[PDB]
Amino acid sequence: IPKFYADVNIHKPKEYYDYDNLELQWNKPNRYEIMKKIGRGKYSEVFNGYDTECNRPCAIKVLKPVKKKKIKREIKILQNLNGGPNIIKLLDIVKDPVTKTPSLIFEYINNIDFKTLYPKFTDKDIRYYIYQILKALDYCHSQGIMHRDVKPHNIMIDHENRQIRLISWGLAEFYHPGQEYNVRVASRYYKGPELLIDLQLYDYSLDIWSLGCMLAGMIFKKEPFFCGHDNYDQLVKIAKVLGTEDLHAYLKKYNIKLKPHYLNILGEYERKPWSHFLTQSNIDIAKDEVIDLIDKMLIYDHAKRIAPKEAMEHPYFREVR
């Protein structure tokens, strides 16, 4: 039972969540001037473009042959989240008349690779940007949607203009109590324990684990924070930090019995204190307020994790604007 926003979709009309019954009106791609390729996805290519009619830059996401089921969902979710704080705006959906290839037109964000940008950040910079990702996540959760793929790679930042956007809504899904969800989502490094132990009855809490992994990696200057060689090893990398005592307690509560594979590789680990991750290069940002915030997010028990709504109230953010 998610603390917040559990029954959002229950009180919403079927049209809101039934994305496969969505009638898409594809427009002519003529007005969008295609320029430099800025991104590469699993089943897409993102280009810097220009809306010649509305005097506006855009990011044109061309789509490789994927079932309409996947596109319709991404479109429905982006539509339902329009005007959300720090959520990428979908401006148009276009289809080539000849090739019949669909493309999604998004507002353009001048991003700099996090591997180049993040080291240039100050304590005040990470503070502000994490608050903004929390605002985005509190909005989509309130709209009955889980992002299911929060990672530094899906956060666009134009540092010069202090503009931040949560992108990649392709894996985003609607939360319905009692529904079993595909555990084979998110980057292995940002996959919550519920995905690793095959707990299909997960919720919004999944996004706080992923954001916790991101925040830990940023302030401890170690990305990916938990670096597993496989899905089974990823739980070991987690347990080697959070301790196995709280893991066994988590499995006993949700009555989950680990695979014949897990029992051998998983040892008995004591919880590593967050202080053991401090270095000369990171103590300046790895202060006591942020470590408390990380401690409240990286918790096995998805039901015991802090909500984005609550995280925003934390003293780490003293956001008097």
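The first residue of the shown sequence is 1; numbering continues from there.
Participant: Per the record, averaged over C-alpha atoms, which has the higher B-factor: 255-263 or 30-38?
Facilitator: In the deposited entry, the stretch with the higher C-alpha B-factor mean is 255-263.
Participant: Which has higher Cα B-factors on average according to the PDB entry: 177-185 or 146-154?
Facilitator: Of 177-185 and 146-154, the stretch with the higher C-alpha B-factor average is 177-185.
Participant: Among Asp203, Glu245, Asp138, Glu107, which residue carries the highest C-alpha B-factor recorded in the PDB entry?
Facilitator: When the deposited C-alpha B-factors of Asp203, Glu245, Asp138, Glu107 are compared, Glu245 is largest.
Participant: Taking the Cα B-factors listed in the entry, which of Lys61, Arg56, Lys296, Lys64 comes out highest?
Facilitator: Largest recorded C-alpha B-factor: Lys64.
Participant: Lowest, middle or highest third: which one holds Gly192 when the chain's residues are ordered by CA B-factor from the entry?
Facilitator: Lowest third - that is where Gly192 ends up once the chain's C-alpha B-factors are sorted.
Participant: According to the PDB entry, is the CA B factor of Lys72 in the bottom, middle or top third of its chain, that is, lowest, middle or highest?
Facilitator: Its C-alpha B-factor belongs to the lowest third of this chain's values.
Participant: Can you tell me whether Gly84 has a C-alpha B-factor in the lowest, middle or highest third compared with the other modelled residues of the same chain?
Facilitator: Highest third.
Participant: In terms of the chain's CA B-factor thirds, is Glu223 lowest, middle or highest?
Facilitator: Middle third of the chain for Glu223's C-alpha B-factor.
Participant: Would you please rank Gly217 by its C-alpha temperature factor against the other modelled residues of its chain and give the third it falls in: lowest, middle or highest?
Facilitator: Ranked within chain, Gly217 CA B lands in the middle tercile.
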